[PDB]
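With compact mmCIF, N, CA and C atoms and all ligand atoms inside, this is structure.txt:
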# COMPACT_ATOMS: atom_id res chain seq x y z
N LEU A 878 -7.26 -8.87 8.39
CA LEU A 878 -7.09 -7.80 7.42
C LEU A 878 -6.36 -6.60 8.01
N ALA A 879 -6.71 -6.20 9.23
CA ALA A 879 -6.07 -5.03 9.80
C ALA A 879 -4.58 -5.27 10.03
N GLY A 880 -4.20 -6.47 10.46
CA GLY A 880 -2.79 -6.74 10.67
C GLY A 880 -1.99 -6.76 9.38
N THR A 881 -2.51 -7.41 8.35
CA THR A 881 -1.76 -7.57 7.11
C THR A 881 -1.70 -6.28 6.31
N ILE A 882 -2.46 -5.27 6.71
CA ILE A 882 -2.41 -3.96 6.09
C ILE A 882 -1.46 -3.02 6.82
N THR A 883 -1.49 -3.03 8.15
CA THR A 883 -0.66 -2.12 8.92
C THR A 883 0.68 -2.71 9.33
N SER A 884 0.89 -4.01 9.15
CA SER A 884 2.12 -4.65 9.60
C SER A 884 2.72 -5.64 8.63
N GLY A 885 2.09 -5.90 7.49
CA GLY A 885 2.64 -6.88 6.57
C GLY A 885 2.67 -8.27 7.17
N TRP A 886 3.81 -8.94 7.05
CA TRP A 886 3.96 -10.30 7.54
C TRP A 886 4.52 -10.38 8.95
N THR A 887 4.85 -9.25 9.57
CA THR A 887 5.52 -9.29 10.86
C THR A 887 4.61 -9.83 11.94
N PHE A 888 3.31 -9.53 11.86
CA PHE A 888 2.41 -9.96 12.92
C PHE A 888 2.21 -11.47 12.94
N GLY A 889 2.48 -12.15 11.83
CA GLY A 889 2.31 -13.59 11.81
C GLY A 889 3.42 -14.39 12.43
N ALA A 890 4.54 -13.73 12.73
CA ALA A 890 5.72 -14.40 13.26
C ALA A 890 6.22 -13.74 14.54
N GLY A 891 5.39 -12.93 15.19
CA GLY A 891 5.78 -12.20 16.37
C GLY A 891 4.90 -10.99 16.61
N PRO A 892 5.44 -9.97 17.27
CA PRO A 892 4.68 -8.74 17.48
C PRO A 892 4.46 -7.98 16.18
N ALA A 893 3.36 -7.24 16.14
CA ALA A 893 3.03 -6.46 14.96
C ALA A 893 3.89 -5.21 14.94
N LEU A 894 4.56 -4.98 13.82
CA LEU A 894 5.41 -3.81 13.63
C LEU A 894 4.87 -3.01 12.46
N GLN A 895 4.58 -1.74 12.69
CA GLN A 895 3.98 -0.93 11.64
C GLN A 895 5.01 -0.64 10.56
N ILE A 896 4.52 -0.42 9.35
CA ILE A 896 5.33 -0.05 8.19
C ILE A 896 4.38 0.46 7.12
N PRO A 897 4.70 1.55 6.42
CA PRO A 897 3.77 2.10 5.43
C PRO A 897 3.50 1.13 4.29
N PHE A 898 2.26 1.15 3.80
CA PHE A 898 1.86 0.18 2.78
C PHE A 898 2.64 0.33 1.48
N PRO A 899 2.84 1.52 0.92
CA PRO A 899 3.67 1.59 -0.30
C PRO A 899 5.06 1.05 -0.09
N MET A 900 5.63 1.22 1.10
CA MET A 900 6.93 0.63 1.38
C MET A 900 6.85 -0.87 1.58
N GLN A 901 5.75 -1.37 2.12
CA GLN A 901 5.57 -2.82 2.24
C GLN A 901 5.45 -3.46 0.87
N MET A 902 4.80 -2.78 -0.07
CA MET A 902 4.68 -3.28 -1.43
C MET A 902 6.04 -3.38 -2.10
N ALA A 903 6.96 -2.47 -1.78
CA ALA A 903 8.31 -2.55 -2.31
C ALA A 903 9.02 -3.80 -1.83
N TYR A 904 8.80 -4.18 -0.57
CA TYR A 904 9.39 -5.41 -0.07
C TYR A 904 8.91 -6.61 -0.86
N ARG A 905 7.62 -6.65 -1.18
CA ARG A 905 7.07 -7.81 -1.87
C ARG A 905 7.48 -7.85 -3.33
N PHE A 906 7.73 -6.69 -3.95
CA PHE A 906 8.28 -6.69 -5.30
C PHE A 906 9.67 -7.31 -5.30
N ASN A 907 10.44 -7.07 -4.24
CA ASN A 907 11.76 -7.67 -4.13
C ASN A 907 11.68 -9.19 -4.07
N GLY A 908 10.57 -9.74 -3.57
CA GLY A 908 10.45 -11.18 -3.44
C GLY A 908 10.39 -11.92 -4.76
N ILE A 909 9.89 -11.27 -5.81
CA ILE A 909 9.73 -11.90 -7.11
C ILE A 909 10.88 -11.55 -8.05
N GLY A 910 11.90 -10.87 -7.56
CA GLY A 910 13.04 -10.53 -8.38
C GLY A 910 12.94 -9.21 -9.11
N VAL A 911 12.24 -8.24 -8.55
CA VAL A 911 12.09 -6.91 -9.14
C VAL A 911 12.61 -5.87 -8.15
N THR A 912 13.38 -4.92 -8.66
CA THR A 912 14.00 -3.93 -7.79
C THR A 912 12.95 -2.98 -7.21
N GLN A 913 13.35 -2.25 -6.17
CA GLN A 913 12.42 -1.38 -5.46
C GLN A 913 12.02 -0.19 -6.32
N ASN A 914 12.96 0.34 -7.11
CA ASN A 914 12.68 1.55 -7.86
C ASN A 914 11.59 1.36 -8.89
N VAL A 915 11.33 0.13 -9.30
CA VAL A 915 10.25 -0.13 -10.25
C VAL A 915 8.92 0.28 -9.64
N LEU A 916 8.70 -0.06 -8.37
CA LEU A 916 7.43 0.27 -7.73
C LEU A 916 7.31 1.76 -7.48
N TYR A 917 8.35 2.37 -6.93
CA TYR A 917 8.28 3.78 -6.57
C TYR A 917 8.09 4.67 -7.78
N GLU A 918 8.58 4.24 -8.94
CA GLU A 918 8.41 5.03 -10.15
C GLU A 918 7.08 4.78 -10.84
N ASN A 919 6.30 3.80 -10.39
CA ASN A 919 4.98 3.54 -10.96
C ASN A 919 3.94 3.37 -9.87
N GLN A 920 4.09 4.07 -8.76
CA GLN A 920 3.17 3.91 -7.64
C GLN A 920 1.75 4.30 -8.03
N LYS A 921 1.60 5.42 -8.74
CA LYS A 921 0.26 5.83 -9.16
C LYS A 921 -0.31 4.88 -10.19
N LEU A 922 0.54 4.29 -11.03
CA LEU A 922 0.04 3.35 -12.03
C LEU A 922 -0.34 2.02 -11.40
N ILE A 923 0.49 1.52 -10.48
CA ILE A 923 0.19 0.24 -9.84
C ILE A 923 -1.07 0.36 -9.00
N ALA A 924 -1.18 1.43 -8.21
CA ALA A 924 -2.32 1.59 -7.32
C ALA A 924 -3.63 1.63 -8.10
N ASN A 925 -3.61 2.25 -9.27
CA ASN A 925 -4.82 2.30 -10.09
C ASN A 925 -5.20 0.93 -10.62
N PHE B 1121 22.03 2.31 -4.33
CA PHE B 1121 22.14 2.37 -5.78
C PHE B 1121 21.25 3.47 -6.33
N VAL B 1122 21.65 4.00 -7.48
CA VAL B 1122 21.06 5.19 -8.07
C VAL B 1122 20.15 4.79 -9.22
N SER B 1123 18.99 5.45 -9.29
CA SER B 1123 18.03 5.16 -10.35
C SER B 1123 17.10 6.37 -10.50
N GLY B 1124 17.35 7.19 -11.51
CA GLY B 1124 16.44 8.27 -11.83
C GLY B 1124 16.73 9.56 -11.10
N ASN B 1125 15.78 10.49 -11.21
CA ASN B 1125 15.88 11.81 -10.62
C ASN B 1125 15.06 11.88 -9.33
N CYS B 1126 14.93 13.08 -8.79
CA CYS B 1126 14.24 13.31 -7.52
C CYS B 1126 12.83 13.86 -7.70
N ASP B 1127 12.10 13.39 -8.71
CA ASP B 1127 10.77 13.92 -9.00
C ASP B 1127 9.66 12.89 -9.02
N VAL B 1128 9.92 11.66 -9.47
CA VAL B 1128 8.86 10.67 -9.65
C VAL B 1128 8.59 9.87 -8.39
N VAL B 1129 9.36 10.07 -7.33
CA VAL B 1129 9.22 9.31 -6.09
C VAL B 1129 8.57 10.20 -5.05
N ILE B 1130 7.53 9.69 -4.41
CA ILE B 1130 6.80 10.46 -3.41
C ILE B 1130 7.38 10.15 -2.03
N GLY B 1131 7.84 11.18 -1.34
CA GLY B 1131 8.39 11.01 0.00
C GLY B 1131 9.89 11.08 0.09
N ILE B 1132 10.58 11.41 -1.00
CA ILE B 1132 12.04 11.52 -0.97
C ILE B 1132 12.44 12.73 -0.14
N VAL B 1133 13.63 12.66 0.47
CA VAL B 1133 14.10 13.69 1.40
C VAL B 1133 15.54 14.08 1.08
N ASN B 1134 15.91 15.28 1.53
CA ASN B 1134 17.31 15.68 1.50
C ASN B 1134 18.15 14.82 2.44
N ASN B 1135 19.37 14.53 2.02
CA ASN B 1135 20.43 14.06 2.90
C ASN B 1135 21.73 13.97 2.11
N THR B 1136 22.77 13.49 2.79
CA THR B 1136 24.10 13.37 2.22
C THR B 1136 24.46 11.90 2.11
N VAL B 1137 25.03 11.50 0.97
CA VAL B 1137 25.55 10.16 0.77
C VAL B 1137 27.07 10.24 0.77
N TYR B 1138 27.71 9.68 1.78
CA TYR B 1138 29.15 9.79 1.91
C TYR B 1138 29.87 8.95 0.86
N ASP B 1139 30.98 9.47 0.35
CA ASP B 1139 31.76 8.80 -0.69
C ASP B 1139 33.07 8.31 -0.10
N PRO B 1140 33.31 7.00 -0.04
CA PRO B 1140 34.58 6.52 0.54
C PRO B 1140 35.80 6.91 -0.25
N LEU B 1141 35.68 7.05 -1.57
CA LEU B 1141 36.85 7.28 -2.41
C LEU B 1141 37.33 8.72 -2.35
N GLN B 1142 36.44 9.67 -2.07
CA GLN B 1142 36.86 11.07 -2.08
C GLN B 1142 37.97 11.37 -1.08
N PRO B 1143 37.92 10.92 0.18
CA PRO B 1143 39.05 11.19 1.09
C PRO B 1143 40.36 10.62 0.60
N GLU B 1144 40.33 9.55 -0.18
CA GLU B 1144 41.57 9.01 -0.72
C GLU B 1144 42.09 9.80 -1.90
N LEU B 1145 41.29 10.71 -2.46
CA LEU B 1145 41.75 11.49 -3.60
C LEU B 1145 42.83 12.47 -3.20
N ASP B 1146 42.79 12.95 -1.96
CA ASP B 1146 43.73 13.97 -1.51
C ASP B 1146 45.16 13.45 -1.54
N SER B 1147 45.38 12.21 -1.11
CA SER B 1147 46.70 11.61 -1.12
C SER B 1147 46.85 10.61 -2.27
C1 LIG A 1201 16.08 18.56 -1.32
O1 LIG A 1201 17.02 19.53 -1.74
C2 LIG A 1201 16.64 20.21 -2.95
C3 LIG A 1201 17.79 21.13 -3.32
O2 LIG A 1201 17.75 21.48 -4.69
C4 LIG A 1201 15.33 20.96 -2.74
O3 LIG A 1201 14.90 21.45 -4.00
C5 LIG A 1201 14.66 22.87 -3.99
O4 LIG A 1201 13.72 23.24 -2.99
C6 LIG A 1201 13.46 24.65 -2.92
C7 LIG A 1201 12.52 24.86 -1.76
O5 LIG A 1201 11.18 24.53 -2.12
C8 LIG A 1201 12.89 25.14 -4.25
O6 LIG A 1201 12.75 26.56 -4.20
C9 LIG A 1201 13.81 24.76 -5.40
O7 LIG A 1201 13.19 25.09 -6.64
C10 LIG A 1201 14.12 23.27 -5.37
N1 LIG A 1201 15.04 22.90 -6.44
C11 LIG A 1201 16.26 23.43 -6.60
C12 LIG A 1201 17.04 22.90 -7.77
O8 LIG A 1201 16.71 24.28 -5.85
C13 LIG A 1201 14.26 20.03 -2.19
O9 LIG A 1201 13.10 20.78 -1.81
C14 LIG A 1201 14.77 19.25 -0.98
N2 LIG A 1201 13.77 18.29 -0.54
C15 LIG A 1201 13.00 18.48 0.53
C16 LIG A 1201 12.02 17.39 0.84
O10 LIG A 1201 13.08 19.49 1.22
Can you turn what I pasted into structure tokens?
Ligand SMILES: *[C@@H]1O[C@H](CO)[C@@H](O[C@@H]2O[C@H](CO)[C@@H](O)[C@H](O)[C@H]2NC(C)=O)[C@H](O)[C@H]1NC(C)=O
Amino acid sequence: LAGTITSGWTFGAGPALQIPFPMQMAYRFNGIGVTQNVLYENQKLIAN
Amino acid sequence: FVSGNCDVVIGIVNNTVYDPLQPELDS
């Protein structure tokens, strides 16, 4: 849990590299075909 | 790419985005 929160997927394929969680969530939105600005404009709505 | 204003995003910062076409406008 600590790795997948502070490092995303990087720790599973090498050294753990820190990255902020709201920014990590933007990466994962890109994986399903959604642009980054969608998350940043609804961060308070998504988090709730 | 551009999307929206500078108010709904938390953590946005000042900076400059360089325009390649502007230097070509002079000539
Ligand atoms: C990015 O630059 C803008 C320039 O408009 C800054 O916005 C102004 O910031 C000052 C300082 O707090 C305010 O008095 C103004 O009301 C703001 N708006 C305008 C239109 O002047 C903004 O603060 C800068 N971003 C950061 C993170 O410093």
Which residue of A:907, A:887, A:919, A:901 approaches chain B most closely, using only C-alpha atoms:
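Ranked by minimum distance to chain B, first place goes to A:919.
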Extract the full set of alpha helix (DSSP H) residues from chain A according to DSSP on the backbone, and format it as a PyMOL selection string.
chain A and resi 879-883+898-908+913-917+920-924
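For the set A:916, A:925, A:880, A:888, the residue with the smallest atom-to-atom gap to residue A:902 is A:916, counting all atoms listed in the file.
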Step by step, measure atom-to-atom distances between ligand LIG 1201 (chain A) and each residue using only C-alpha atoms and all ligand atoms, keep those at most 9 Å, then write them as JSON, numbers by chain.
{"B": [1126, 1131, 1132, 1133, 1134, 1135]}
Restricting it to N, CA and C atoms, dump the selection as a CSV table (one decimal), keeping the file's coordinate frame.
chain,number,residue,atom,x,y,z
B,1126,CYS,N,14.9,13.1,-8.8
B,1126,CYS,CA,14.2,13.3,-7.5
B,1126,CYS,C,12.8,13.9,-7.7
B,1131,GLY,N,7.8,11.2,-1.3
B,1131,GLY,CA,8.4,11.0,0.0
B,1131,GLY,C,9.9,11.1,0.1
B,1132,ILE,N,10.6,11.4,-1.0
B,1132,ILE,CA,12.0,11.5,-1.0
B,1132,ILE,C,12.4,12.7,-0.1
B,1133,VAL,N,13.6,12.7,0.5
B,1133,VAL,CA,14.1,13.7,1.4
B,1133,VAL,C,15.5,14.1,1.1
B,1134,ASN,N,15.9,15.3,1.5
B,1134,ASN,CA,17.3,15.7,1.5
B,1134,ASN,C,18.2,14.8,2.4
B,1135,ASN,N,19.4,14.5,2.0
B,1135,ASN,CA,20.4,14.1,2.9
B,1135,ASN,C,21.7,14.0,2.1
Starting from chain A, keep only residues with some atom at most 7 Å from an atom of chain B, counting all atoms listed in the file, and report them as a ChimeraX atom specification.
/A:914,917-919
Can you work out the spacing between atom N of residue A:883 and atom N of residue A:913 in Å, to one decimal?
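So the two atoms, atom N of residue A:883 and atom N of residue A:913, lie 20.6 Å apart.
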What separation in Å, quoted to one decimal, exists between atom CA of residue A:924 and atom CA of residue A:906?
13.6 Å
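You will find atom N of residue A:912 at 22.1 Å from atom N of residue A:882.
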